[PDB]
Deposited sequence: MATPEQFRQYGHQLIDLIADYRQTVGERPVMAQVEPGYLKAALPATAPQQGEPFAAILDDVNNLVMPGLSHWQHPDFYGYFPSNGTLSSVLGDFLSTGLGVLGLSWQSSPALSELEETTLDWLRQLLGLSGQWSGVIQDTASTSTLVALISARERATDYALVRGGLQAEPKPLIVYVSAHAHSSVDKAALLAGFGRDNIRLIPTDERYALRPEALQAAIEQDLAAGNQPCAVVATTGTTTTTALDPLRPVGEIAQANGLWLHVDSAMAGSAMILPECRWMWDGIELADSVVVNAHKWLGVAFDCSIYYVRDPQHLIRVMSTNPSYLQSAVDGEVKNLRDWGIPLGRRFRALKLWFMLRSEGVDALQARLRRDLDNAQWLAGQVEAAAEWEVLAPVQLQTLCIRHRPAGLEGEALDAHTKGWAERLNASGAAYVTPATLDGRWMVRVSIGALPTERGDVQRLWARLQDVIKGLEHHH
């Protein structure tokens, strides 16, 4: 397309996306197609000569829109939100249409310097001290790998410029809560740790790891000749949004020379709320922390924030130059990819356009709406909440009288799959304590108290065999 062909196409697409965001609630939250629907519906080869853009858009309405689960939906409650404020979407347009790449400062100064400013902007909004400095990764997954590669490198004296992992005399252990996200385990394994070497630490009544078990596990490996390396604590676990206690775990990791990396992907955003930073107490004792501004806060995916107190050790590892001294910026050296796009446009536009006053009320909205639905669920007979509601996620279940064990597990994913298939809401079944339950994660951008009331009505009715279509 010419730049003005593109501008005739630009305005048509701006309109299509504006009507989507407007009328999204009118659709089934989750896709109602079958595996193979699109591949069967598409050509088998690329076209030799270009095809008109109206042809695409037709295909976009007629083939692509029915095979979407809608994350930006008032009735989406699944997983954790993947929140896409239209101001940040407007930042992403500009980053793509500009076309620049950061391979170095010189290859575009405005990209790196903006990212430096906006990350410091948010560092302050989260309540973090001045010793913290951040970079945008693509995902928490990558971020925790960065942090476990950082952990490895600290405990092995930068072996990567020598024999690397296989020349180390002692197994490097990684200690995580038994409710830590599956990305934490993978990251260990991609950094070479071995499943054997990852000890899951048991949890408490509130599914938070017991520091007493950590220090038990840690003494036992020293009494085995293994070499403890790193702890990974989770502030807001995926199942129940449990809250690892980071001050006792941070004093342990400090007393034993281990890396404390904190996985605050989901609940990190709440730390712009001053009333919620009890959840983060101890975090100043941590070596790294990751928050997914592309989750709840509302910047469009991808935008994963990683903060270290020792950026000189990050640069040493990722630039594979351990002789480096900070006192004697190049985001190249702050993560895996040597090239980045202008994702700082997204943070900049959202932080500005909305304002910290809007971002605070929204998150406090999802917190307040999750206390409301927990109060109905507690009091309705036959219904129960299985975990504390310290964030905006509820672990709920319905209990027919007499119905225990496997049968109930079937009853629970049955109605969970029936509610999802109706189109009224999107919920994520998940296991807790060897039993199946159902998660309600409240925080999609347009989810307000009216929508949550409805969800509580569809939940009751789906058990009585009543399902709602649009």
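Engineer: Let me make sure I understand the coverage. Which parts of the deposited sequence, in order from the N-terminal end, have no C-alpha coordinates here?
Structural biologist: Missing from the model are residues 1, 330-334.
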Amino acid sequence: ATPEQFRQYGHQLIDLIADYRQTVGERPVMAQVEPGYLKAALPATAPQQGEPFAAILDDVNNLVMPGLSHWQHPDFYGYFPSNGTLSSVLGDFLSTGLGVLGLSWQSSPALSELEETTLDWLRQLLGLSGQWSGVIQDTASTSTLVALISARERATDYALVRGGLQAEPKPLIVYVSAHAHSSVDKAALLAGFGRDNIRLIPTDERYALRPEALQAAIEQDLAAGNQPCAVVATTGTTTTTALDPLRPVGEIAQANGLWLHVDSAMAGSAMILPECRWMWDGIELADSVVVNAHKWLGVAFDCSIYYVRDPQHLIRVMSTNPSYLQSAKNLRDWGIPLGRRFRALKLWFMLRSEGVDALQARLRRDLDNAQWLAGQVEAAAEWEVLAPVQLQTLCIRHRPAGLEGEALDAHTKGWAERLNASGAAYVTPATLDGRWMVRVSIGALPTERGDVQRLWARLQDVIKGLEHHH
From here on, numbers count along this sequence of modelled residues.
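Engineer: Identify the stretch, either 63-71 or 402-410, whose C-alpha atoms have the larger mean B-factor according to the entry.
Structural biologist: Stretch with the higher mean C-alpha B-factor: 402-410.
Engineer: Comparing average C-alpha B factors as deposited, tell me which of 203-211 and 75-83 sits higher.
Structural biologist: Per the deposited B-factors, the answer is 203-211.
Engineer: Checking the record values for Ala147, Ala379, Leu359, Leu125, which has the greatest CA B factor?
Structural biologist: Among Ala147, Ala379, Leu359, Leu125, the PDB entry lists the largest C-alpha B-factor for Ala379.
Engineer: Between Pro388, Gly236, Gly355, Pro311, which one tops the list for C-alpha B-factor in the PDB entry?
Structural biologist: If I rank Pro388, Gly236, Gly355, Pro311 by C-alpha B-factor, first place goes to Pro388.
Engineer: What third of the chain does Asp333 rank in for C-alpha temperature factor, lowest, middle or highest?
Structural biologist: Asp333: CA B-factor falls in the highest third of its chain.
Engineer: Going by the CA temperature factor in the PDB record, which third of the chain does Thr447 belong to: lowest, middle or highest?
Structural biologist: Lowest third.
Engineer: Is the Cα B-factor recorded for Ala430 in the lowest, middle or highest third of its chain?
Structural biologist: Middle third, going by the recorded CA B-factors of the chain.
Engineer: By the record's CA B-factor, is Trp259 among the lowest, middle or highest third of residues in the chain?
Structural biologist: Its C-alpha B-factor, which the entry lists for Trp259, ranks in the middle third among residues of this chain.
Engineer: When the modelled residues of the chain are sorted by Cα temperature factor, does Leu222 land in the lowest, middle or highest third?
Structural biologist: Tercile = highest for this residue's CA B-factor.
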